[PDB]
Amino acid sequence: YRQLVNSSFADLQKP
Amino acid sequence: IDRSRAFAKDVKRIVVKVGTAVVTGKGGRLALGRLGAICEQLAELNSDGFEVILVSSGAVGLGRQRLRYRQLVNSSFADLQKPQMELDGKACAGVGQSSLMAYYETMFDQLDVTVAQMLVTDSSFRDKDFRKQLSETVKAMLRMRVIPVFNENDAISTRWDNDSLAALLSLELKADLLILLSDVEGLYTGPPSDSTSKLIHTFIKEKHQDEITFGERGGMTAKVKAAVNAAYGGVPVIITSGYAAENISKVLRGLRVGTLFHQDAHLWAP
Amino acid sequence: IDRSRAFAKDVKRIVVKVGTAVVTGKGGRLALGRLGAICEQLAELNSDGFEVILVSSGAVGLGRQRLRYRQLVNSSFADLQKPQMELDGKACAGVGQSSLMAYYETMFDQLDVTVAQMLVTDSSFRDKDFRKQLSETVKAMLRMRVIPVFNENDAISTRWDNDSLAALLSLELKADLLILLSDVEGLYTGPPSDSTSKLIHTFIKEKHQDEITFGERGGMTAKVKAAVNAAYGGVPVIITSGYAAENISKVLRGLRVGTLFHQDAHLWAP
Amino acid sequence: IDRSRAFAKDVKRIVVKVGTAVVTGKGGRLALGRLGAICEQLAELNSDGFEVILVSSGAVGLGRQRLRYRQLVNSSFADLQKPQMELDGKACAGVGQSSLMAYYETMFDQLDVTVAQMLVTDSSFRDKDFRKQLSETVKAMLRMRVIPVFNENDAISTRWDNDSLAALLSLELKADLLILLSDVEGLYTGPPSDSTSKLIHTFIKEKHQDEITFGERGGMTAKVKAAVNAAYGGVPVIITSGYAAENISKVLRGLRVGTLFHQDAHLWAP
Amino acid sequence: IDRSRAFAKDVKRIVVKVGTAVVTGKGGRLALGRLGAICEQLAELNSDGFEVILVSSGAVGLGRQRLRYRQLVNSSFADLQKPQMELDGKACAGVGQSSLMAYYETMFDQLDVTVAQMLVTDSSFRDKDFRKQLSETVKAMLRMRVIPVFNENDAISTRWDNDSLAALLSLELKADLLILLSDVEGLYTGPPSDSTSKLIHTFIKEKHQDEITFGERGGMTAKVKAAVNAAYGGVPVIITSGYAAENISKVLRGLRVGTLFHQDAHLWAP
Amino acid sequence: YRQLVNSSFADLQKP
Amino acid sequence: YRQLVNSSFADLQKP
Amino acid sequence: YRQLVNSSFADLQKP
Ligand SMILES: Nc1ncnc2c1ncn2[C@@H]1O[C@H](COP(=O)(O)OP(=O)(O)O)[C@@H](O)[C@H]1O
Ligand SMILES: Nc1ncnc2c1ncn2[C@@H]1O[C@H](COP(=O)(O)OP(=O)(O)O)[C@@H](O)[C@H]1O
Ligand SMILES: Nc1ncnc2c1ncn2[C@@H]1O[C@H](COP(=O)(O)OP(=O)(O)O)[C@@H](O)[C@H]1O
Ligand SMILES: Nc1ncnc2c1ncn2[C@@H]1O[C@H](COP(=O)(O)OP(=O)(O)O)[C@@H](O)[C@H]1O
Ligand SMILES: N[C@H](CCC(=O)OP(=O)(O)O)C(=O)O
Ligand SMILES: N[C@H](CCC(=O)OP(=O)(O)O)C(=O)O
Ligand SMILES: N[C@H](CCC(=O)OP(=O)(O)O)C(=O)O
Ligand SMILES: N[C@H](CCC(=O)OP(=O)(O)O)C(=O)O
Ligand SMILES: [Mg+2]
Ligand SMILES: [Mg+2]
Ligand SMILES: [Mg+2]
Ligand SMILES: [Mg+2]
């Protein structure tokens, strides 16, 4: 969850 | 047809300006239908032997929409809690100009019309050679059946709205008509909201200048200034709503619509 | 990896220039494949944390193609016997800039990249305020992950090629690398045609300047001048063929390809 | 709000059909403004939580325009004296479908909406498995916030208009509303030209079927047939002019506009 | 020029197939440069008096990319922790076909070429009338200097790859050459990875069929099957890498590149 | 024929 | 924060 | 002139 809360939306797009 | 619009029978070169309230719609996105109908009307005019010149606007807003999207795409959820910084205006215009030009080119290709982009700054107009060369280039482009689309280069400026730029080009190019497409049906003696303000049909500098009570880029005060400038200079000025594209054809058909600015209206005063 | 290209490990902001021999192909039409591969490489670089700046060219040629088509469409058969007059150059650039910008915007949208158009004239660079404000705007756009695409506004000029403009922007913006994409594999001691000319890998101002024998906008003499300017100024310069898009990644990977212009090459002299 | 349109408060899945008299304008070219306003309205509806399905048309006409242009471009002046042969219809549809799909995709990308193209022939509807699988696929696409755009594959047919296809899909997909965008304000008891024909607001199969006197793909007889089919089946049907895009929002707001086909109108008979 | 490719001097109607490994590049996005060079080559061939037919592919992948983007745009952060469901394939193809067709139309308009979209399912080929009518329509389109672009309608199928569809169309249309653009330089006696596999130049059904050891839509086994089918049928088959667009011109120039499938190779056996 | 020899290609496009 | 953690990216785009 | 009267518009486009 920490990683997600510190990701940029674009990052979520890339595996 | 009233003689107040008798000049509509011999108008050959016209200048059309579209404000940001016309090109951009909800949420800062492009008003597809409105802007598309305007382009259809312009292509129809160009086919019938008219040489038109379009001064558009809407670069800043589109730019802002796109840049905000990019910011949100790149942001990190932990950053959507704190408030975001307010975007750079010149970058916004730089993006919006490219987007608007691509969109215009797409639908003018769809209508089988060739268009050219001319971005001019205020500082460039201080040279006589620049004005002469611009007149030559625009004359050549108009002779080649191409619609010039001007604007102010905001991305590179070091700072006079498009309305004033429109008047300038119409006077420098000796155009026969200047049309200002706004979001309102025309000039009003007061705010359009109240019922105590009526629709003008002919502007009289001596009379009509005092009783107008404007509200608190440039709003309508600027528009009026630019129009009066163009008129005095020699080019009639017409203000009409850009929400209905058929307003252009009706204006060119002599139909009495919109607000007019003619120096000869002193004699044509009813 | 030779130490002559050791700077490729810390290059962050780069400037890429594409000549007209790269953007335009047969018949003055757009080189779709070449230009598309270049854009793919640029988008890949932008994703990996680089801030790139593209100075393109090809406006004049595309414009000419389109305007010639329009002339032929409007001509009357009785006019195809007599010879046609030669098109206006500034109108040509005005049309070509819009077409090129729309095309660039289309495929950068396809690659999910936001781009902005900045057209700057020579006369605008005589103000210190202009340079400061341009640096601020470009810094903001690069921080917002947007690729600026510059060029010279030919449509409005009153006349320094893009090569010189590239060098200027790279020195004013303190970029870490300047890449000149040409149609040849790189600088040569003579004409590329003969077999007596070999491929340089490092340019030495003291040595290599005399024996070069160039042929009879700006060709390669101008390119060399601009490169040496940028180098002396502080920004390394790389010249490589734009026909293979993977040349960009190879250059950024430290691979020894193309011609280099570094002031430190005096110490790095082999 | 009259209770005759009380169903407009719970309509969730709707089907919108645009006729060739709406998509195509003068000279067989695309009606940019009209079609753009329709797309803007559809995107606005899609944002507000509606799942819409568009069945369009205009492939044949656009195709014909483009193919005629190509024929004229390739013709030899000595061939413009003799009369040209009349173009193949299926080739015309094949070109027009691609052009229309590209144009739709362009402006739905502009409005930030994803669209999908589904071309279905009459012969494919004779399999139960096909209908089940189509329902599953369309349900998935609607759940994914994507607007399906159907049509008949004319390019490959071996031959039921879009109106009938619309009714079919609306009944197979259990849509809550079927809107038929035509060029007229709605159904009429006679030809719209004369002043002896008045505007219907609710269609009664028992009563209103006899006194209607239609003139001499499918015109309005077909439209009425398809509408009555959809109604009987269970899906209300609304016929309204496609010239004003705000008609869609007004219909979805419960405003009494257009012609309605409800089986419950027997009880709602005034 | 070896006599094994002597047929290249009289080939007039050709069929070109592009696999998904050619049209789609990194991340499921469109391979702009590769696909653009292919289109440039096809337009050049079309200008020189050839009638080409393109069977493309890449709908499913593009569709998937776009739909994934839409899912991520609509998702709620609380949903990015749990694993997302796997997308519907037919919806994916439905979106991808539209996107690919729009992209193809854009750059074929850029190259001044008219294209048409033909989507055909397997179930439609069970009627003799369908084949006759398809041959007539394709003949008319080819005579009108238009490039047909076929594919399988996946969005509506109830399920034979494009390779097999290519062979089918090439045999039904009596084309003079069938080119299969793959990601590899051609057929190999084994996997391309190891150094023990060499490049074939002519395929012999009697000899070469046994020693080939393929690995574990359709891969290369299917490709070979389809090629042998087309050959036996009468239409030579050429397999070559689609990464270099000049391979097409080299093949049409008689240069010995790629893998060939000719029934006459029994006599032309070296 | 005179009309044709004095038409502009665009004109041929319009009836 | 709860609202954000329960918003869809698109929602963040609209004020 | 004969050549012109027997050319296709496209041909005129190419030198
Ligand atoms: N006296 C007036 N008559 C008409 N409109 C006025 C008046 N005073 C203010 N306005 C307002 O000015 C607006 C148009 O100015 P502006 O917004 O600058 O045009 P645009 O931005 O579209 O170029 C109108 O929407 C109108 O409400
Ligand atoms: N000494 C040299 N070494 C390499 N190329 C040279 C030399 N002298 C002249 N050239 C020519 O200059 C050309 C590149 O200059 P230019 O045409 O101005 O680039 P572009 O127009 O693509 O920006 C090359 O095609 C090359 O043949
Ligand atoms: N009784 C009627 N009421 C209304 N319209 C009618 C009637 N009879 C014929 N029409 C004509 O039918 C036309 C609409 O049918 P059609 O052309 O098939 O729609 P589209 O082609 O736009 O799908 C209208 O333009 C209208 O003039
Ligand atoms: N004997 C073989 N010779 C060549 N390629 C082979 C062989 N066996 C398997 N392949 C593989 O098959 C692939 C091409 O098949 P395929 O992926 O179906 O093409 P596409 O998907 O591009 O249409 C090549 O990448 C190649 O590595
Ligand atoms: N740069 C231009 C400025 C135009 C302008 O300020 O005038 P207006 O938007 O009031 O017509 C733009 O915003 O698009
Ligand atoms: N106006 C620009 C000039 C660019 C220029 O002259 O430099 P080059 O075309 O040699 O790279 C154009 O032609 O596109
Ligand atoms: N192939 C479709 C047929 C559609 C059709 O015939 O119905 P209509 O054009 O009357 O709405 C087209 O013409 O675009
Ligand atoms: N629907 C088509 C299927 C094509 C296909 O499976 O063949 P291949 O992708 O192996 O060339 C697509 O995926 O684009
Ligand atoms: Mg203003
Ligand atoms: Mg040069
Ligand atoms: Mg009908
Ligand atoms: Mg396969």
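- Structure determination for this PDB entry was carried out by cryo-EM, with a resolution of 3.3 Å recorded in the header.

**Considering the site of ligand 1**
Residue and element names in this part refer to chain B.
Logical step 1: Every one of the 14 residues lining ligand 1 counts as a neighbour, but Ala21, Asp183, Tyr188, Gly219 and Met220 are closest to it.
Logical step 2: Between a nitrogen atom of ligand 1 and a main-chain N or O atom of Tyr188, the distance comes to 3.0 Å.
Logical step 3: Measuring from an oxygen atom of ligand 1, one finds a backbone N or O atom of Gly219 at 2.9 Å.
Logical step 4: Here ligand 1 loses 81% of its free accessible area of 580 Å² to cover by the protein chains.
Logical step 5: Those elements that place two or more of their residues in the shell around ligand 1 are α1 (20-23) and α8 (219-233).

**Quick look at the environment of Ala166(E)**
Residues and elements named next belong to chain E.
Logical step 1: Structurally, the position occupied by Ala166 is in helix α6 (residues 162-172).
Logical step 2: Looking at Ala166, the relative accessible area reads 0%, which means it is buried.
Logical step 3: Separated by 14 residues in the primary sequence, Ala166 and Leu180 place their C-alpha atoms 8.8 Å from one another.
Logical step 4: Excluding its chain neighbours within four sequence positions, the residues that come into contact with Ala166 are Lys17, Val55 and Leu178.

**Observations regarding the interface of chain A and chain B**
Logical step 1: At the interface, 6 residues of chain A touch 7 residues of chain B.
Logical step 2: When residues of chain A are sorted by the area they lose upon contact with chain B, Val5(A), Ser8(A) and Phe9(A) head the list and together hold 64% of the total.
Logical step 3: Between the two partners, chain A and chain B, sit 0 salt bridges.
Logical step 4: Applying the counting criterion to the chain A and chain B interface returns 4 residue pairs in polar contact.

**Some words on the site of ligand 7**
Residues and elements named next belong to chain D.
Logical step 1: All residues adjacent to ligand 7 are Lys17, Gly19, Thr20, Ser57, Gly58, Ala59, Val60, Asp154, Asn162, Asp163 and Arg217.
Logical step 2: One of the side-chain nitrogen or oxygen atoms of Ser57 is found 2.9 Å away from an oxygen atom of ligand 7.
Logical step 3: Residue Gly58 places a main-chain N or O atom 2.8 Å away from an oxygen atom belonging to ligand 7.
Logical step 4: Protein coverage of the free-state accessible area of ligand 7, which is 370 Å², stands at 91%.
Logical step 5: Its residues assigned to classes, the shell around ligand 7 shows 2 nonpolar, 5 polar and 4 charged.

**Structural notes on the relation of the copies chain C and chain B**
Logical step 1: Laying chain C over chain B is done by rotating through 180 degrees and shifting 0.0 Å along the axis; what remains is an RMSD of 0.0 Å. One copy is carried onto the other by what is essentially a two-fold rotation axis. No C-alpha of chain C lies nearer the rotation axis than that of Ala102(C), which sits 2.0 Å from it.
Logical step 2: A shared interface surface links the copies, since 100% of the contact residues of chain C are contact residues in chain B too.

**Some points on the pattern of salt bridges**
Logical step 1: One pass over the structure, following the stated rule, counts 44 salt bridges over all chains.
Logical step 2: The residue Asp112(E) makes a salt bridge to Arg70(D) at a minimum N-O spacing of 3.9 Å. One end of the pair, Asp112(E), is in the loop between α4 (89-110) and β3 (114-120); the other, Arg70(D), is in helix α3 (residues 59-74), on a second chain.
Logical step 3: Overall, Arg70(D) belongs to the buried group, its relative accessible area being 7%.
Logical step 4: Between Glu152(D) and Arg217(D) there is a salt bridge, and its shortest N-O distance comes to 3.3 Å.
Logical step 5: One connected set of salt bridges, linked through shared partners, spans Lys17(B), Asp163(B) and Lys223(B).

**Brief notes about helix α6 (residues 162-172) of chain D**
Residue and element names in this part refer to chain D.
Logical step 1: With respect to burial, α6 is a largely interior element, 8 of its 11 residues being buried.
Logical step 2: Within the span of α6, buried status applies to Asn162, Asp163, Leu165, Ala166, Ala167, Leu169, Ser170 and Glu172.
Logical step 3: Just downstream of α6 lies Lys174, where phi reads positive at about 55 degrees.

About the criteria used
Residues numbered from 1 in each chain as written, not as in the entry; some residues may be left out. Chains lettered and ligands numbered in written order. Heavy atoms only, no water. Near = heavy atom within 4 Å. Polar contact = N/O pair within 3.5 Å; in protein donor to acceptor, adjacent residues only side chain to side chain. Areas by Shrake-Rupley, 256 points an atom, 1.4 Å probe, with all protein chains shown as cover. Helix = DSSP H or I, 4+ residues; strand = E, 2+ residues; numbered from the N terminus. Buried < 20%, exposed > 50% of the residue type's maximum accessible area, 1.4 Å probe, protein only. Contact = heavy atoms within 4.5 Å. Buried area = accessible area lost by both parts, 1.4 Å probe. Salt bridge = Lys/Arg side-chain N within 4 Å of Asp/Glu carboxyl O. Nonpolar A, V, L, I, M, F, W, Y, C, P; charged D, E, K, R; others polar. Least-squares fit on C-alpha atoms.

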